[PDB]
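Starting off, we have a lone chain in the form solved without the ligand, written out as structure tokens.
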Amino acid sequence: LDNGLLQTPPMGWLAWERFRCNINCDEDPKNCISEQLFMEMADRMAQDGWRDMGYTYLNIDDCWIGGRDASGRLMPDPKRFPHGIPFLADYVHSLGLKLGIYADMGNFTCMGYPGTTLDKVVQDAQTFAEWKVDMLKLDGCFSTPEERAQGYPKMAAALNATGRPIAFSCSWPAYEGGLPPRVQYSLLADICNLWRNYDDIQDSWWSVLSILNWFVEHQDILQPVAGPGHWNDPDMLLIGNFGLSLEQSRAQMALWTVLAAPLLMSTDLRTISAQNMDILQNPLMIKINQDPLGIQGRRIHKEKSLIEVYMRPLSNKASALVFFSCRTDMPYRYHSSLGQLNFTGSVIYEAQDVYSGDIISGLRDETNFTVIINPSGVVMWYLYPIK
């Protein structure tokens, strides 16, 4: 979408994965979807290094809506959001952060809350802009294909007409199978800043692998359409939650990074471990994810040893390499060379291990190297020519 926004993938926090549709504030006041929850997460982002590292969006998902007023104007739940959305937008802005909100192109949101039907698209966009929202996620539950085909372009135009820059996240392709001929990616790039291609992520390694598999099976289609202002969205990071081991956590981070994915956390920032914080706030990882060229990476190799190699092209002739083990036995000594990974001749390279910080220098194409990769884990290199 040509609105000047998201020239690099968006970084932030989204409520959905970790907190879902928890509306029981009586029994569970700390974890229910509420004004308090968002202010508390905002405080953590401001104070715990998140904002400073580039995590700027604080995004509301489903289950925020209370109803519509006599003018059809959208309202938050008055008990869970007593001060209203402008209050929250203003609070978040006061901390140098941006606020994301959620609507559904259809009769109801996926959780059954008031939907943004075709006749409400313009009014809701205007309401969101008036509230000083900075991003919109538009789901597409409880709608027909033709309603979505009209509704998503209609919303992009309505957001534009408000005059406020609002990043536009579209779940549109996910409801249509995410692939041609039903999904037109040139159209999508014109109307959206990012799009959810595929299934909701769940808190499991199986879920991460099914998403990765789908993106890799279809990378010839998906890879070229990603770029500044228009990203593929494989869904939220699971780092900090319950389903992923340490190796798996480091793996999702590295792989989302090579895919030029949004880095949208969804985890309790109040209790996040140092180890998980260290993954998400890795400066070189973020640098790679936020590379100005915005070229989505690809899987370039798959061995019978079940080691996969991903490569992302970066600025200044640099590259990112992810050595990924789909083995489920033990650490594996992966033997390779840059020549075997289709790198250009005569150039001498140097690599920094993204997780360990170690530097491997004087690598020619013919130079044999070994990387030790743990099961369901990665080794990641930031690779550059040296003179």
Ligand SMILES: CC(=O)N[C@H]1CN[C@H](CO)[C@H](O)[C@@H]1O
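Here, rigid core means the biggest group of C-alpha atoms that superpose within 1.5 Å across both forms. Residue positions are given as counts along the sequence shown, with the first one as 1.
Larger mean CA deviation from the shown form in 6 other deposited structures of this protein [core fit; 337-345 vs 52-60]: Looking at 52-60 and 337-345 in 6 other deposited structures of this protein, the bigger mover is 337-345.
Mean C-alpha temperature factor, higher of 25-33 and 342-350: That would be 342-350.
Stretch with the greater mean C-alpha B-factor as recorded in the entry, comparing 121-129 against 301-309: Going by the record's values, the stretch with the higher mean is 301-309.
Relative to the other modelled residues of the same chain, rank the CA B-factor of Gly66 and answer lowest, middle or highest third. According to the entry, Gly66 has a C-alpha B-factor in the chain's middle third.
Would you check the entry's CA temperature factor for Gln275 and let me know if it's in the chain's lowest, middle or highest third? Ranked within chain, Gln275 CA B lands in the middle tercile.
Third of chain Cα B-factors occupied by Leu14: For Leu14, the deposited C-alpha B-factor lands in the middle third.
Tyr175's Cα B-factor: lowest, middle or highest third of the chain? Highest third - that is where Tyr175 ends up once the chain's C-alpha B-factors are sorted.
Sorting the chain's CA B-factors, does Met380 end up in the lowest, middle or highest third? As the PDB entry reports it, the C-alpha B-factor of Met380 lands in the lowest third of its chain.
The next section is about a form of this same protein that is not shown, the form solved in complex with the ligand.
Contact assignment for the ligand in the deposited complex, among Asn276, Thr127, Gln296, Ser171, heavy atom within 4.5 Å: Exactly one listed residue reaches within 4.5 Å, namely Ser171.
Just to confirm, with a 4.5 Å cut-off on non-hydrogen atoms, which of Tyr185, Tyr175, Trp131, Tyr91 contacts the ligand in the deposited complex? Selected option: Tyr175.
Against the ligand in the deposited complex, would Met111 count as a contact residue? Criterion: heavy atoms within 4.5 Å. Residue-level check for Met111: yes, a contact with the ligand.
At 4.5 Å between heavy atoms, is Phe19 in contact with the ligand in the deposited complex? It does not: once the ligand is placed as it appears in the deposited complex, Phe19 has no heavy atom within 4.5 Å of it.
Is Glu35 close to the ligand in the deposited complex, meaning a heavy atom pair under 4.5 Å apart or at it? No, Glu35 is distant from the partner.
Proximity of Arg312 to the ligand in the deposited complex, heavy atoms at 4.5 Å: No, no contact at 4.5 Å.
Just one of 261-269, 74-82, 193-201, 214-222 has residues with a heavy atom within 4.5 Å of the ligand in the deposited complex, so point it out. Heavy-atom contact with the partner occurs in 193-201.
Contacts with the ligand in the deposited complex - residues in 32-63 whose heavy atoms fall within 4.5 Å: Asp61, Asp62 sit within 4.5 Å of the partner.
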